[PDB]
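One chain comes next, on its own, written out as structure tokens in the form deposited in one PDB entry.
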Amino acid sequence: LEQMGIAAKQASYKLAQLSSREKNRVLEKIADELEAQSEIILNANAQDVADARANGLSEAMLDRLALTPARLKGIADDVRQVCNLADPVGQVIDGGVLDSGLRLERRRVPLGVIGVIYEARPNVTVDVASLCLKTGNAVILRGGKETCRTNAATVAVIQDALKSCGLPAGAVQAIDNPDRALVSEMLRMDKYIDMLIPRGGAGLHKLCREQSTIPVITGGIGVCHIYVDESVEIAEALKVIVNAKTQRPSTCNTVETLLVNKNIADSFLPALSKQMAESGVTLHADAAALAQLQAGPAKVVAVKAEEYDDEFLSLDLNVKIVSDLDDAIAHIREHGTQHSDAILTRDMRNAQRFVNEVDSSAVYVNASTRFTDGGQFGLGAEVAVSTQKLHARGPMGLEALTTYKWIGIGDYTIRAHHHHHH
């Protein structure tokens, strides 16, 4: 896999100097070719989905894997949107004049070579390739075996467009072998890859962090908690909860726990059960709320200790009764994965305290937790949602793949031994 690193590193230097016009031309050709060859991508995706059904995969899993003509048009529109954004490379962050006469400034520069290991999803390949081309980084892709056909078809189109536009062929490359030894080999190619983006569950992150010598920005799993305060409107809160849970349960920003204040549990729980029975979602309630939720039409079962720390990725929910805001904050800190947390309330003080005392990557007040997306946050698209602290956090835009560089200009200036200041 050494030649992979050689090809990526050599292509990165050429890419870093390309003007925005060439990158925009490549992106526009990519979108046009994507829309042109819909019949082959759709056929390959449908065949792969049918093959996946033969292995008894979950319905939500197939829905994530499935690609419709509407989804193809949506990803083409996202490519055009990222083409329409301003190029972050070359932008000036800040500047000034020092007391010694030196003109200082910071300019954004491309990262270099980016290696991404991502889950079985077709659109993520296109999104990553488009973002890396627009920013000016050489990317190396490696996805799950489930999306082998769609990825093999889309990378061919991307490479053909790259050849057509005259850009070096090593800019965007992928690995087709589903072997996991190649992943371990890639994890050790530190001299080529500058930063690695793994998207997956706990096992992939454990294996990567165990045998990594490259900077890693973990996508991380998501356990999103929603806290219902004592003073809140039942009708509005139920709609927000339904939107956060039912719509696309297979994602990561879906709510997994529902912390309910003990003062409002008298009337909120019976209405929640009635709504959830229509929604058809099993409630893994706590012992305290078991008595209240037993009479509800929605089916309810006792919760286990380990159930709080993992995602259901289906129509399931955890119901816990807390004493006050401090208890909910402590529980969120203890069991949360720092992905997304929202509070539904009518009190200003409680909202401010929750915003201040919660360290999740995104905090919402009277809003759904499904807003944690690259497109929803105003950015063109996202490669992953960062749950770590270094470099980017939350959704990743064009800025997340760029670093700055100090530039100084002077008239043969020399640093003085004694730096006086006022």
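Sequential numbering from 1, following the sequence displayed. What we label the rigid core is the largest C-alpha set whose atoms superpose within 1.5 Å from one form to the other.
Just so you know, the form deposited in another entry exists too; it's not on screen, but the next bit is about it.
Colleague: After fitting the rigid core, tell me which of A362, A392, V358, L67 has its Cα displaced by at least 2 Å between this form and the one not shown.
Modeller: Result of the comparison: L67.
Colleague: When the rigid core is used for the superposition, does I264 move between this form and the one not shown (threshold: C-alpha shift of 2 Å or more)?
Modeller: No, the C-alpha position differs by under 2 Å between this form and the one not shown.
Colleague: Could you check, with the core superposed, whether the Cα atom of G101 shifts 2 Å or more between this form and the one not shown?
Modeller: No; that C-alpha moves by less than 2 Å between this form and the one not shown.
Colleague: Superposing on the rigid core, do we see a C-alpha displacement of 2 Å or more at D316 between this form and the one not shown?
Modeller: It does not reach a 2 Å shift.
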